[PDB]
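Both blocks below hold the same protein chain, though in two forms, and each is given as structure tokens: structure 1 and structure 2.
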Structure 1
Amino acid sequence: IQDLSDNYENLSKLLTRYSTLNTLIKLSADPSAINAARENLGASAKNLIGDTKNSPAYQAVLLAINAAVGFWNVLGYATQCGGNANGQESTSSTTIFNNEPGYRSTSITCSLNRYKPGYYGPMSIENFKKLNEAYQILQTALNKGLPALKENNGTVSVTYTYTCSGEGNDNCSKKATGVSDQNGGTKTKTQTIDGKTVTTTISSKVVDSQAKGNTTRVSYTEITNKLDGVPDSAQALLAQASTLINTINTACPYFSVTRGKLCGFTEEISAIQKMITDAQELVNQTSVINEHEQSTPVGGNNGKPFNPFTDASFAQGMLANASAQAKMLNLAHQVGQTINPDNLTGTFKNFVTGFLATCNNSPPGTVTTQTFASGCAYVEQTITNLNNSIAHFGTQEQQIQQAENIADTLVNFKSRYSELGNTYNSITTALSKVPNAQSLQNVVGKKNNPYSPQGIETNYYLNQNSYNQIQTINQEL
């Protein structure tokens, strides 16, 4: 019998594929099972793109965004910045950006002079402005709340200010800001973001050192930026998060809390770039689902019985729909795994547990004097809510898998049905090589079906009892 262990192994493996294929074939030949799977796809799609708390897709998008914001909240205060316009070194230019996580301040001050901005040096004012604008947009949208993935018409208004002090400072100058007058001029432009018409209003105001309220006693300009109609959407915010982390990686400025270059946090930046990319690909799947609705009846709803060989035009779209939902769930889990401290070690884990997933500072998008050196982007809570939503989606995931399997079977029905017969033949052959042949031959059987109009000439059967015994013997050897 010990010489029959490979025989029972092959027989057990074939019978499992036989039963799985047989059940899948019977499912995909049944219009009621098909319509139940198509109805499940519609409901799980509505949850994926319509929910917030209970959508793993939504939670993963929020996590990728918050990891980027929290990364800058940890390191922004220690980041060296300064200089003049177009990355030129400055003599005595002090440029302060408000609503930024500075050291014991709600502002980051850029006042490093006599050093040219660049890699491993100070971040240029041009790069900080690019960084700051994305930071303010993200924080304002996160404060309002990221809408569900199906939402394409949500907007926010974003307002932020920066001041220019010191002799020779051309950062709040006209060619930099492109206004007109600096003491009272204002400019209204339009910049189309993600297909949205965004109205931008830039204002300039000069405050001489003599003025009641100017406790700084240092003649300074103030630039106020007002963006109207900024898209608050998954795709739009992921692009802003991409701009934030990539501006950090591109400028790679010097920092000192340890000291070095910001792009030296190579593990953190690689993780955030991957999470943003995975989240963007996750969001891209919504249009695949949108263009493949499963609501309309199929079959199987005409005069004659459903034929899986000819009445399965809908299967390709059903497969694309289920494929997109499975891909959304897998990518959502991938975003969690990338940043989850339980999967990290060394310096990367210490960064997440000690800094990114904490908050010394409170509504989302809040900048306080204690924000610095802390993530303050609810990274810890979002990881928990993402994994909670994945567990909540377990039943729906299973239904997506079944739908996927049914749709894949219908697309390849001729080949899958033919594989079922070939598997039956390999089983009967393998049965002839196990001793005392006429004992368990009941395990598989087939009957011709002439007067059956589904185009399926042969029905395949399986003795669940004899199937069970063969599996136990296989387990015994």
Structure 2
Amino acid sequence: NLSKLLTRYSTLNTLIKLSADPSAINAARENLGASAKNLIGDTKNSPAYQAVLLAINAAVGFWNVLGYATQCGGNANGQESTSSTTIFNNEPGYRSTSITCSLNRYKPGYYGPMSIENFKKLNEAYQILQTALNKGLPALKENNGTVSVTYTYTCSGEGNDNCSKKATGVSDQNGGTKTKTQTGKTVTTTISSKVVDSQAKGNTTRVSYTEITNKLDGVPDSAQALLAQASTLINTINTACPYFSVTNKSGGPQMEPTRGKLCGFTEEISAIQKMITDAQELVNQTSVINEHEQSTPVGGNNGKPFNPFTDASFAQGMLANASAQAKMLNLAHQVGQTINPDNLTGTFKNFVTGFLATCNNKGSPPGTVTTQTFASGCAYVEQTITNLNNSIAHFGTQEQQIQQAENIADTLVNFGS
């Protein structure tokens, strides 16, 4: 009997009254439209935006912490080399804005050096991420922005084939150029090659080298696309699982362990993978929201009073829209809790508070690599956790409005079934 239960659950009675009233339903639908703009159209105040940003920064920060300590080398086939030095620019090396891969003889592989092939994949994802962070991530709804990205690396040493025609696609090693396209979006890549003799004016380094420049145009900077880059970054590290060994500064904070394999940071890597996974799911709710717009008013028809049992075919879409917004908000929260040092323990807590959430650059804008970036995240991790929490606190009203819209729609889906 229904009186007997509206006795105890008086808020259920209010819910039913609202579900029978077009003007309460239309108010809830307006609320959903405004909260959707907060979630997918804003930046500072969107918890969804802040959580995407945080997932990306944690991946980037992870490599800023460990990249300088990571062995790499060999030749183009993932094979060992006799005397190859390959240097990647705008990377966070030891007292340097480049990372040098020059470990010879050892076979690239697990607990060994990272192959140049893996490093190239890693490096490209990194350069793209840092260029986009530097320019500022767009709101979640902006799906067609692009960024331009340029990066360089060099090869020296006898037998080094990492800058050759097969590695590169480029015909003349001195002065040649090649263009190729790729993917929903077309990205153009221009690769050019130049040789610099040991004697040339300039040329600190005693030695002859080849320089490769890559210029990518039309790189998508949408959230979904940047998350895919962050995933490539962290998965390449975890799959390649190269040897590292760290310089622990006398004084400083202490990195444990000091030698080992990169995939040995298992809690850190799992956490970051899980953040990215949750942010990809979060960004997927965008299309659910878009395809179920709530801006058309609803009512009875032919001037007949509204009948909640027959006139409510919109409810399904309203519920899917409300549920999707709630899901964004919960996943945004869950990204934050995965990395927030307040709920972390032991070695993983030390990693985040001592390294990942710090920056040693002498704030520098996001995406800047200096000779002091190494061993620190330099990716605004702490500021982003704070801004995520601030944005969630400023979403108190909208969250209740979303729950209410969901309860209304769900009451109407029930009545119509």
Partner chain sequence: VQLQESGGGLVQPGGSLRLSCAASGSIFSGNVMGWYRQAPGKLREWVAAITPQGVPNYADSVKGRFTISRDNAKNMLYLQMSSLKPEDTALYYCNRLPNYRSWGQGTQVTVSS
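Shifts are known only where both forms have a C-alpha. Counting starts at 1 and follows the sequence of structure 1. Take the two forms, superpose them, and find the largest set of C-alpha atoms that agree within 1.5 Å; that set is the rigid core.
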Just to confirm, one of these is the form solved in complex with the partner chain and one is not; which one is it?
2
So which residue among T310, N183, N301, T266 shifts its CA at least 2 Å between structures 1 and 2 once the core is superposed?
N301
Core overlaid, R17 C-alpha shift between structures 1 and 2, how many Å?
5.1
Rigid core fixed, the Cα of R217 shifts between structures 1 and 2, in Å, by 2.0
Taking the rigid core as the frame of reference, how far in Å is the Cα of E100 displaced between structures 1 and 2?
0.1
In terms of 2 Å or greater CA shifts after rigid core superposition, the runs of three or more consecutive residues between structures 1 and 2 are 10-18, 300-302
